[PDB]
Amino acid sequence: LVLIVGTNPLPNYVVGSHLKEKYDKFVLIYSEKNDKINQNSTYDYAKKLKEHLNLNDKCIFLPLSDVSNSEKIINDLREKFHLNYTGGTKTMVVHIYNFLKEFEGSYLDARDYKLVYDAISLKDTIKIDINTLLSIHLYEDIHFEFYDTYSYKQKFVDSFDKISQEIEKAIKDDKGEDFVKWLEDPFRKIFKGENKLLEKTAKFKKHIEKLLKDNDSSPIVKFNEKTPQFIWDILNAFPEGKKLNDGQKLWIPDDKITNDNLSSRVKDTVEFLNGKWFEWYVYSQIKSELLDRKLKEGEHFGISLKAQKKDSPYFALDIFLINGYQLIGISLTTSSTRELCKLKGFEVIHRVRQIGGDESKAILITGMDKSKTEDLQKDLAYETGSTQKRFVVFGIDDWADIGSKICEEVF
């Protein structure tokens, strides 16, 4: 079994995991680093493949000084040496399929998830976890949260379930559109102003005063009088020390309220209601189904995934999901705005590519109507050669049944 090590390590891991039991020795062709010819090395991917495929003594590393020149290829192939030709450049594939012949040949079809011999579907045969997937793509310090280790369960203890159930009831009663509009106005008009607004008692008090310069038109009036009943019930499901409501009105802090007391009461509550809630909602709707499909939490799905390349910044991904050996990254936002949603679309498309390879699927769930979501999908669509979409946008109309929506899209 011979493999060509390009910049996408996942196809070689899938083929290697399958065609290791039937083989003895393993050769991996990798490129060298020549900054002059703008050629980087895939040796790091070749090492990850050996480690994650357990090939300590059977593995042979063959370096090619130039993967774009047949002359320098064969010269390097001469001095040192079932071919799966799925990876590497076109030259590497030609001048190795022929050099070695001068003999079975395989190829992993990224479109139908089948290894083809010069057949066998591997979509429900070869499996991978989140740690192995990000490791072969060179990411480390992987951490995520479980259903029972969710961060906000520790912040609103003894009240989270009531809070989450109340929000879940509203969304399943098709109130998600009403919730978003109230979040835009007046919620974000009171609790989203300047930086450190909810951390300095004076900053918040000044903001509240200036808001009372419009009287009945002031957003605090919309909060007090024109707030729907299901939103009050959500607000009142929070602990009294973490409530944004003073009984049935907007809480105005006296100057005696310390900065840590204001922050300890408002900050966690505002950030959750301004969007983090939607992360938990979707994840809870998904976990109620994926377990029936034998997926294991922490191995094949989870929430708040974070990792980094070596000495490099961390990324944040709301939800990850592995179906067979395809990564499905899900980005979540309550925004109904085209600018932000588009940018969020660019982000999730690039992230799943970085951590799961070029055949990963990105899903963006927004608070936009059906027309805006179709426009965004077309705007960000990129041609990969497949009929199935690798970027999918959902909208406010999908929130109530988002669990089955994602199940149909992923599986």
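For every residue, the number given is its place in the sequence shown, counted from 1.
Missing residues, deposited sequence, between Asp118 and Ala119 (class: none, 1 to 3, 4 to 9, 10 or more)
In the record, 4 to 9 residues between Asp118 and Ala119 lack coordinates.
TODO: Can you count, per the entry, how many deposited residues between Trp251 and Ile252 come without coordinates? Answer none, 1 to 3, 4 to 9, or 10 or more.
DONE: In the record, the chain runs straight from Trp251 to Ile252 with none unmodelled.
Stretch with the higher entry mean CA B-factor, where the candidates are 379-387 and 36-44 = According to the PDB entry, the answer is 36-44.
query = Can you tell me which stretch has the higher mean Cα B-factor, 45-53 or 347-355?
reply = According to the PDB entry, the answer is 45-53.
Among the choices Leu273, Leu244, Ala170, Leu211, identify the one whose CA B-factor in the record is greatest. Highest CA B-factor of the listed options: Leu211.
- Query: Of the options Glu140, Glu177, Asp148, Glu289, which has the highest CA B factor as deposited?
  - Reply: Answer for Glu140, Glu177, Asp148, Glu289: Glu289, with the highest C-alpha B-factor.
Q. Once the chain's modelled residues are ordered by C-alpha B factor and cut into thirds, is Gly329 in the lowest, middle or highest one?
A. Ranked within chain, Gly329 CA B lands in the lowest tercile.
Pull the Cα B-factor of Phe187 out of the PDB entry and bin it into the chain's lowest, middle or highest third.
Its C-alpha B-factor, which the entry lists for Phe187, ranks in the middle third among residues of this chain.
Could you place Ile29 in the lowest, middle or highest third of its chain by Cα temperature factor, using the values in the record? Middle third - that is where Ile29 ends up once the chain's C-alpha B-factors are sorted.
| request: Using the B-factor values recorded in the entry, state whether the Cα atom of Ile220 falls in the lowest, middle or highest third among the modelled residues of its chain. | output: According to the entry, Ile220 has a C-alpha B-factor in the chain's highest third.
Please say which third, lowest, middle or highest, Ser335 falls into when its CA temperature factor is compared across its chain. Bottom third by C-alpha B-factor.
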